[PDB]
Structures are given as structure tokens and as C-alpha cells.
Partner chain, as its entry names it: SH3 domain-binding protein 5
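This document opens with one chain alone, in C-alpha cells, the form deposited without the partner chain.
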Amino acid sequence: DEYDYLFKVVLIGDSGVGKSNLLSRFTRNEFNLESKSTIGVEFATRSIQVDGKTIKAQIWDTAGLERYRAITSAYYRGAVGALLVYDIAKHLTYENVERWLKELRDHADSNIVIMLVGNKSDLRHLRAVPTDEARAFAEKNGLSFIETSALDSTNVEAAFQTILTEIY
């Protein structure tokens, strides 16, 4: 509805890390504590301002589990950014970041902007993934890095703003 650029940005990451609530927090300012596996593929949109011009962010979301049906290059097609999300309270979701990176190399453009997102920062007292460690990891792998909380809203706007500005 009037925009200068449409930037496709995808969300990826293990089931349960907060992808769907990052989407809902960013596009509708809504959060649900309930947990429910995402159905098929969804996308939602939000427009923001960058360098005086209007950026329509089209943000895709899908299930992190790829057992019976796996994500294809069509999911990633034309994506200029990826929010690769893990749960700072569940170490396994961070261990699996390498698998997501492999999936991005196989299925996404070699120059996509990748933001590593440590979500659930409000669970800092349950932290399983030290901030400094993830930050260095992002550094070595050519990713941006931010910790967010969809629940209390911390850094959610900043994460999307930053990636869309990096892309711009």
C-alpha cells in the first residue's frame, strides 16, 4: 500500500525458538504464550522507513521441523534477509544453527543478509547460550547478531529495523 521497496525476509530456526511470535510481535504487536507448530507457510507484512524511503517488509514463517516435508529453495527465493533464530535457554537450538546455515547455503542466495537472533532474552536466568559465545560465533560466520524477547518486546523492532537497513 504505497512503498519504494519490497524486501522478502524469512524466519528459520528450530521449532519452539519464537519465530512465529517474533513475526506477530513485529507485524501486529501481539504475543501468545501458547505453543503451536506453524502450519504450512505464512507471511505477514509491515512497512517501515529507511533513508526517507518506504520499505515493505514481507516476512515469511514456517515450521522448523523438516522431517516429512522439507523447506525448498522456493521458500528462500528472492529473500534478501534471513532471521536465523535460536532459544538462549535451549542449547540444542543453538547447536543446530550450523544446520540452518547449511540450509541457507544450499537453498538461499549467497549474499543474503543473515541475522542470528538469540530469542527469549527474558529467560536470562535460564540461559544455556552465553551471549559472548554466540556473538563471537556470528562474527566468525559473517552474520549480524542480536538478542530479543518477543514476550517483553525487547529488541524485536531493532532486529527487523537493522536487518532491513543492512539490506537497503
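Numbering follows the first chain given and starts at 1. Throughout, rigid core stands for the largest set of C-alpha atoms superposing within 1.5 Å between the two forms.
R127, present in the displayed chain, carries coordinates in each of the other PDB entries compared that cover both sides of it, far from a third leaving it out.
When the C-alpha B-factors of 18 to 26 and 141 to 149 are averaged, 141 to 149 comes out higher. Averaged over CA atoms, B-factors in the entry run higher in 130 to 138 than in the other of 97 to 105 and 130 to 138. When the Cα B-factors of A63, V117, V50, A70 are read from the PDB record, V50 comes out highest. The entry lists a Cα temperature factor for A159 that places it in the middle third of the chain's modelled residues.
What comes next is about the form deposited with the partner chain bound, which is not displayed.
Looking at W100, you'd find every heavy atom of it more than 4.5 angstroms from the partner chain in the deposited bound form. Using a 4.5 angstroms threshold between heavy atoms, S37 counts as touching the partner chain in the deposited bound form. In the deposited bound form, at least one heavy atom of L6 sits within 4.5 Å of a heavy atom of the partner chain. Taking the partner from the other structure, the partner chain in the deposited bound form has no heavy atom within 4.5 Å of any heavy atom of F137. The residue that stands out in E139, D51, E66, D106 is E66, the single one whose Cα moves by 2 angstroms or more between the shown form and the other one on a rigid core fit. Put the two forms on the same core and the Cα of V10 is off by less than 2 Å between the shown form and the other one. With the core superposed, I39 shows a C-alpha displacement of at least 2 Å between the shown form and the other one. Relative to this form, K8 and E34 approach one another in the deposited bound form, with their C-alpha atoms ending up at least 3 Å closer. Inter-residue distance, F43 to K36 (Cα): reduced by at least 3 Å in the deposited bound form versus the depicted form.
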